[PDB]
Structure formats: structure tokens, C-alpha cells
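Enquirer: Please find one structure pasted underneath; my questions will follow.
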Amino acid sequence: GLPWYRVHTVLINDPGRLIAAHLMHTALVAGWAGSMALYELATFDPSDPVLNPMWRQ
Amino acid sequence: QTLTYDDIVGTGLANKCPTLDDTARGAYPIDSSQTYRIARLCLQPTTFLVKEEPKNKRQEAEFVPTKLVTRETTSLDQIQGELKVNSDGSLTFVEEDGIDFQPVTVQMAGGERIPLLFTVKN
Ligand code: CLA
Ligand code: CLA
Ligand code: CLA
Ligand code: CLA
Ligand code: CLA
Ligand SMILES: CCCCCCCCCCCCCCCC(=O)OC[C@H](COP(=O)(O)OC[C@@H](O)CO)OC(=O)CCCCCCCCCCCCCCC
């Protein structure tokens, strides 16, 4: 059967499922971006942009 | 005009103090041989400002504006007291009674809620 390192070659001649893989990758990246921001907001302290700016946090 | 409860109920006007015409710029004579009183005093806050806690390094805390969250429950009214005429000519109001406190919660940026007893007691 396919070795583990080749499972995604089943998309090479399947434009539809290639698009579906790409859509899923784009979803995961957009989701991360949303999740990361929400974590950052839950932990960010905005009270001092002088001595405790975001880059310190 | 002469309004009635049923005219006002639920409108938000029960929390508003009475107002005076743009043309009421006369003057009330004070007769120093006379005894005087405030028969109604009405205070209607319009803004609540809170001093931001100036950080350690500080420089100068400002009074920051706030969002009222407790609705139209803020006004002081039906306050009475005598108006004394002092002998240097000054007047002094000494509160006796009235609805002279309201609990009020405002909210600062970031979500800190700040309750306070908005009041003129005594
Ligand atoms: C756009 C980027 C991209 C894309 C679309 C592909 C696509 C593909 N690669 Mg290539 N490749 C890339 C980048 C990319 N690669 C890079 C940067 C490298 C260097 C590391 C390689 C090195 C490489 C090798 C050596 C091989 C492939 C192979 C393949 C094919 C099968 C892969 C498979 O089934 O994985 C299956 C993978 C798994 C079941 C699990 C992998 C688990 C990894 C190690 C950790 C996961 C990390 C995690 C998901 C974080 C995401 C990464 C982060 C950077 C975002 C497929 C056509 C194979 C091939 O040619 O077959 C014919 C193959 O032999 N790729
Ligand atoms: C963008 C990511 C991505 C996408 C679109 C696909 C898409 C595809 N894969 Mg690949 N795959 C991926 C990642 C991905 N895979 C990774 C990371 C692995 C390593 C496990 C594999 C391993 C893999 C195998 C072994 C096979 C496929 C197969 C397939 C196809 C059918 C779907 C399937 O069987 O899913 C199977 C894969 C998964 C269900 C991935 C599960 C990964 C989970 C979500 C990890 C999450 C861990 C957890 C949430 C951690 C949270 C934090 C922690 C604190 C708890 C399709 C082309 C099948 C195929 O057709 O090959 C011929 C197949 O047999 N893939
Ligand atoms: C009609 C013109 C047209 C337009 C506008 C696009 C536009 C796009 N193509 Mg290409 N494509 C075209 C013709 C076109 N294509 C043709 C003729 C072919 C050959 C069949 C391809 C084959 C092709 C492949 C194989 C792939 C693309 C991908 C993409 C997308 C990659 C960027 C992305 O996902 O952003 C991120 C997305 C967003 C920010 C949101 C997108 C929302 C838009 C506005 C679409 C809304 C729904 C719409 C009705 C669906 C039809 C989309 C359109 C591509 C037809 C992008 C939307 C890639 C893709 O789908 O990636 C996921 C991909 O895998 N295209
Ligand atoms: C330009 C940015 C970019 C690019 C080019 C890619 C490219 C890729 N990503 Mg995506 N990814 C990105 C940004 C990007 N990503 C971001 C910002 C996020 C959100 C954090 C994701 C989340 C994401 C997920 C969750 C998954 C991918 C996967 C993939 C691969 C799918 C094709 C495949 O089978 O590869 C074949 C695999 C390889 C070629 C291996 C690549 C090795 C890279 C360099 C990582 C090196 C090992 C890694 C560091 C070890 C992790 C250690 C840690 C767990 C302790 C491809 C390499 C999927 C994947 O790897 O499927 C198996 C997958 O599951 N990515
Ligand atoms: C629908 C449109 C849209 C909009 C308006 C935004 C807006 C934003 N995104 Mg989100 N995003 C979107 C879609 C969108 N996103 C999609 C579809 C995904 C899934 C992939 C994400 C995933 C995502 C991630 C992972 C992250 C964001 C982040 C951000 C923020 C910073 C953007 C930034 O720096 O980009 C910078 C982008 C670039 C520098 C792209 C450069 C493109 C290179 C140069 C390609 C050039 C190749 C081209 C073909 C050559 C052209 C030829 C030339 C001659 C013209 C901003 C609020 C960031 C953030 O703060 O998240 C919370 C972040 O980290 N976005
Ligand atoms: C969300 C994140 C999800 C990540 C999920 C996990 C990632 C996937 C798994 C990664 C681990 C890969 C294990 C594959 C391992 C395994 O399959 O190897 C053997 C395998 C043999 O491949 P063949 O071509 O023989 O295929 C037979 C097939 O059945 C394989 O599917 O070779 C490869 O995988 C090529 C790379 C060799 C890798 C060599 C590494 C071995 C080093 C051993 C020495 C260790 C250190 C000791 C020295 C001090």
C-alpha cells in the first residue's frame, strides 16, 4: 500500500479533492489566526504602552 | 405643561430634572430679614468621570470617561433644606431631607465596573 509519507499523493489527479484539501488548510490557518488573537486578547494588558507594550508581553 | 404619571411612565423623563426657559435670566431678591428654604432640589448627572490609577512611573492621572450601566436611576430629587442668610451677606443651604443618594455603576475601558454612592447627603 502507500507508505505513510505518500498518503496525500492521492490528490495529484483529483482537482476537486485538491481544492477540498486546500480549503481545509485555509480553514485551519484562518482558525489559528482567530484563536491566537483571542488568546492574546485574554492575556494582554493595555494599561501601559510605555513600559509594558505588547512586545514585552 | 402640567403632566401626569401616565404621561411620563416608562419614558425616561422621571429621571430628568425640571428645566427653565432660555429667557429665565432674571434675579431673585434675597430679603435678609426673611427665612428661606429650598422646597425642591433636583440633581441630574450627565457624565461620570473616573481618575485612572496613574501607573508607577506616573506623570499625571487624567479623569477618564465611563459608560453608565445602571440605566436612568441616577438623579437626586425632592431634596429640601432651609436657605440661611448669613450676616456677611452669603447664603447657605443646609440639607434636611430628600432622595439624596443613588447607587450608580459605571464601567471603564477594559471592563472595570466602578460603583459609587452618588450623593449630597448633609
Ligand atoms: C506547500 C508545501 C508543500 C506541499 C503541498 C507538499 C506536498 C507533498 N509533499 Mg512535500 N515538502 C515540502 C512542502 C510541501 N510538500 C517541504 C517544505 C518539504 C521539506 C520538509 C517537503 C518534503 C517532502 C518529502 C521528503 C516528500 C514530500 C512528499 C510530498 C507529497 C506527499 C506528502 C505526504 O503525504 O505527507 C504525509 C505526511 C504525513 C502523514 C505526516 C507528516 C508529519 C510532519 C513531519 C509533522 C507535521 C507538522 C505539522 C503538521 C505542522 C505543519 C507545518 C508547518 C510548517 C505549517 C505531497 C505532494 C512525498 C512525496 O514526494 O511522495 C511522492 C515525500 O516523499 N515532501
Ligand atoms: C491540512 C491537513 C490535512 C489535510 C487536509 C489532510 C487530508 C487528507 N489526508 Mg492527511 N494527514 C495529516 C493532515 C492532513 N490530511 C496529518 C497531520 C497526518 C498525520 C496524522 C495525516 C495523515 C494521513 C493518513 C495516515 C491518511 C491521510 C489521508 C488523507 C485524505 C483523507 C482524509 C483522512 O483520512 O484523514 C486522516 C487524517 C486525519 C484525520 C488527521 C488527524 C489529525 C488530528 C486532527 C490531529 C489533532 C491532534 C489534537 C487535536 C491536538 C490538540 C492539542 C492537544 C493539547 C490535545 C485527505 C487527502 C488518508 C488518505 O487518503 O491517504 C491515502 C490516510 O490514510 N492523511
Ligand atoms: C473564475 C475565475 C477564478 C477566480 C476568481 C479564482 C480564484 C481563486 N482560485 Mg482559481 N481557478 C480557476 C479560476 C479562478 N480562480 C480555474 C478556471 C481553475 C481551474 C479549474 C482554478 C483552479 C484553482 C485551484 C485548483 C485552486 C484555486 C484556488 C483559488 C483561490 C485561492 C485563494 C484563496 O483560496 O483565498 C482564500 C479564500 C478567501 C479569502 C475567501 C474566498 C471567497 C471567494 C470570494 C469565493 C466565494 C465563493 C465562490 C462562489 C466560489 C467560486 C470561487 C472561484 C475560485 C470560482 C482563489 C479564490 C485555490 C483554492 O481554492 O484555495 C482554497 C485552489 O486550490 N483555483
Ligand atoms: C507559508 C506558510 C505555510 C505553508 C507554506 C504551509 C505548508 C503546509 N502546511 Mg500549513 N500552516 C501554516 C502555514 C503554512 N503551511 C500556518 C500559519 C498554520 C497555522 C499554525 C498551518 C497549519 C497547518 C496544519 C495544522 C497542517 C499544515 C500542513 C501543511 C502541509 C500540507 C501539505 C503536505 O502534505 O505536506 C507534507 C508534509 C511536509 C512537507 C512536512 C513539512 C515539514 C515542515 C517544515 C515542518 C517541520 C517539522 C515540524 C517543525 C515538526 C513539528 C514539531 C512539533 C510538533 C514538536 C504543507 C507543508 C499539514 C501537514 O503537514 O500535513 C501532514 C497539516 O496537518 N499546516
Ligand atoms: C478576506 C480577507 C482578509 C483580510 C482583510 C484579512 C486581514 C488580516 N489577517 Mg487574515 N486571513 C485570511 C483573509 C483575510 N485576512 C485568510 C483567507 C486566511 C487563511 C490563510 C487568513 C489567515 C491569517 C493569518 C494566519 C494571520 C492573518 C492576519 C491578518 C491581519 C494582518 C494581515 C497581514 O499582515 O497580512 C500580511 C500578508 C502578507 C504580507 C501577504 C504577502 C503576499 C506575498 C507577498 C505573496 C506575493 C505573491 C504574488 C502571487 C505575486 C504577485 C505578483 C505581483 C507582481 C503583484 C489582518 C487583520 C494575521 C493576524 O493578525 O491574525 C490575527 C495573521 O497572523 N490572517
Ligand atoms: C498535529 C501533528 C501530527 C504529527 C503526527 C506524527 C507525525 C508522523 C510520524 C512521524 C514519525 C515518523 C516515523 C516513521 C519511521 C518509519 O516509517 O521508517 C521506516 C520507513 C520505511 O519506509 P519504506 O519505504 O520501507 O515503506 C514501508 C511502509 O510500510 C512505510 O509506510 O522509512 C521511512 O519512514 C522513511 C524515513 C525513515 C525515517 C528514519 C528514522 C528512523 C531513525 C531511527 C533511529 C532513531 C534515533 C536512534 C539513534 C540514537
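In the C-alpha cells, chains take the letters A, B, ... in the order shown, each chain's residues start at 1, and ligands count up from 1 in the order shown.
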Pull out every residue of chain A that has at least one atom within 9 Å of chain B, counting only C-alpha atoms, and report them as a short mmCIF file (atom, residue, chain, number, x, y, z; two decimals) with N, CA and C atoms, in the first residue's frame.

Expert:
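File out.cif, as written:
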data_model
loop_
_atom_site.label_atom_id
_atom_site.label_comp_id
_atom_site.auth_asym_id
_atom_site.auth_seq_id
_atom_site.Cartn_x
_atom_site.Cartn_y
_atom_site.Cartn_z
N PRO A 46 -3.43 46.27 28.52
CA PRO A 46 -3.27 47.52 27.76
C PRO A 46 -3.00 48.76 28.59
N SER A 47 -2.83 48.63 29.88
CA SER A 47 -2.75 49.78 30.76
C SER A 47 -1.45 50.56 30.63
N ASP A 48 -0.39 50.05 29.99
CA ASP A 48 0.86 50.80 29.92
C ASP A 48 1.64 50.55 28.63
N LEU A 51 5.86 51.28 29.34
CA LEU A 51 6.80 50.31 29.91
C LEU A 51 6.32 48.87 29.83
#

Enquirer: May I ask you to write as a PyMOL selection string all residues lying at most 10 Å from ligand 6, with only C-alpha atoms and all ligand atoms counted?

Expert: chain A and resi 1-7

Enquirer: Just the selected residues (N, CA, C and O atoms), exported as a PDB file, in the first residue's frame, please.

Expert:
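That gives us result36.pdb:
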ATOM      1  N   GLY A   1       0.833  -1.212   0.000  1.00  0.00           N
ATOM      2  CA  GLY A   1       0.000   0.000   0.000  1.00  0.00           C
ATOM      3  C   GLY A   1       0.854   1.243   0.000  1.00  0.00           C
ATOM      4  O   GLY A   1       2.067   1.128  -0.084  1.00  0.00           O
ATOM      5  N   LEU A   2       0.262   2.436   0.030  1.00  0.00           N
ATOM      6  CA  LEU A   2       1.096   3.626   0.048  1.00  0.00           C
ATOM      7  C   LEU A   2       1.884   3.660   1.356  1.00  0.00           C
ATOM      8  O   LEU A   2       1.353   3.287   2.402  1.00  0.00           O
ATOM      9  N   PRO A   3       3.145   4.073   1.327  1.00  0.00           N
ATOM     10  CA  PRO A   3       3.846   4.393   2.581  1.00  0.00           C
ATOM     11  C   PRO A   3       3.244   5.644   3.191  1.00  0.00           C
ATOM     12  O   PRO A   3       2.682   6.489   2.492  1.00  0.00           O
ATOM     13  N   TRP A   4       3.465   5.807   4.493  1.00  0.00           N
ATOM     14  CA  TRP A   4       2.852   6.914   5.202  1.00  0.00           C
ATOM     15  C   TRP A   4       3.241   8.264   4.588  1.00  0.00           C
ATOM     16  O   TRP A   4       2.439   9.213   4.622  1.00  0.00           O
ATOM     17  N   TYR A   5       4.458   8.369   4.020  1.00  0.00           N
ATOM     18  CA  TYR A   5       4.964   9.667   3.597  1.00  0.00           C
ATOM     19  C   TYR A   5       4.389  10.070   2.235  1.00  0.00           C
ATOM     20  O   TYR A   5       4.813  11.085   1.681  1.00  0.00           O
ATOM     21  N   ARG A   6       3.475   9.262   1.680  1.00  0.00           N
ATOM     22  CA  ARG A   6       2.885   9.500   0.377  1.00  0.00           C
ATOM     23  C   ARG A   6       1.361   9.541   0.411  1.00  0.00           C
ATOM     24  O   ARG A   6       0.760   9.509  -0.643  1.00  0.00           O
ATOM     25  N   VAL A   7       0.713   9.523   1.574  1.00  0.00           N
ATOM     26  CA  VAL A   7      -0.752   9.432   1.577  1.00  0.00           C
ATOM     27  C   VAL A   7      -1.436  10.562   0.787  1.00  0.00           C
ATOM     28  O   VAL A   7      -2.545  10.369   0.271  1.00  0.00           O
TER      29      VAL A   7
END

Enquirer: Would you compute the distance between atom 27 (C, counted along the ligand's line) of ligand 4 and CA of residue 26 in chain A? Give it in Å to one decimal.

Expert: 9.2 Å

Enquirer: Sort by chain and increasing residue number a table of all residues of chain A within 8 Å of ligand 2, each with its closest pair of atoms and their distance in Å to one decimal, counting only C-alpha atoms and all ligand atoms, and write it as CSV.

Expert:
residue,atom,partner,partner_atom_place_in_ligand_line,distance
A:2,CA,ligand 2,62 (C),6.9
A:4,CA,ligand 2,25 (C),6.0
A:6,CA,ligand 2,62 (C),7.5
A:7,CA,ligand 2,61 (O),3.8
A:8,CA,ligand 2,57 (C),5.1
A:9,CA,ligand 2,62 (C),7.5
A:10,CA,ligand 2,62 (C),6.0
A:11,CA,ligand 2,57 (C),6.2
A:17,CA,ligand 2,57 (C),7.0
A:18,CA,ligand 2,57 (C),7.5
A:20,CA,ligand 2,5 (C),7.4
A:21,CA,ligand 2,5 (C),4.1
A:22,CA,ligand 2,5 (C),6.7
A:23,CA,ligand 2,5 (C),7.8
A:24,CA,ligand 2,5 (C),5.3
A:25,CA,ligand 2,1 (C),4.4
A:28,CA,ligand 2,1 (C),7.1

Enquirer: Ligand 5: which residues are within 6 Å, counting only C-alpha atoms and all ligand atoms? Reply as a list in words.

Expert: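 Residues satisfying the distance criterion: residues 26, 29, 30, 33, 34 and 37 of chain A.
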